[PDB]
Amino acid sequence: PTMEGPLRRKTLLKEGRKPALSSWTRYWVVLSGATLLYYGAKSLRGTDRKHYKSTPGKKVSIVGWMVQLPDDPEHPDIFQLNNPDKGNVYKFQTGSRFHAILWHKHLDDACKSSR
């Protein structure tokens, strides 16, 4: 894998419309090639790999997607991810600005890879 770590994701737009409720969801996320694999939480607290499931609940290719880093002091650990038509848009919390920068780098490489 290129990158792994505990992330919280919030859906801002799905199929071009705002979800009724856009709350944060805890996941262990693995970026393998240009594919994101998401592992749901086993409990309500914890950020170690063991606090998340063994089988992925979601698998998404991000080839051609776009990732952005907002440089927002109010939310220092966030990055945003959008599919090509910007109909599916997500924000991710990483726990720190450093990890937001690190994820942005690897995600940007993946979005721009050919496949």
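All residue numbers are counted from 1 along the displayed sequence.
Here 26 to 34 and 52 to 60 are compared by their mean Cα B-factor, and 52 to 60 comes out higher. Higher mean CA temperature factor between 101 to 109 and 5 to 13: 101 to 109, per the PDB entry. Sort the modelled residues of the chain by CA B factor and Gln68 lands in the middle third.
Among the modelled residues of the chain, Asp85 sits in the middle third by CA temperature factor in this PDB entry.
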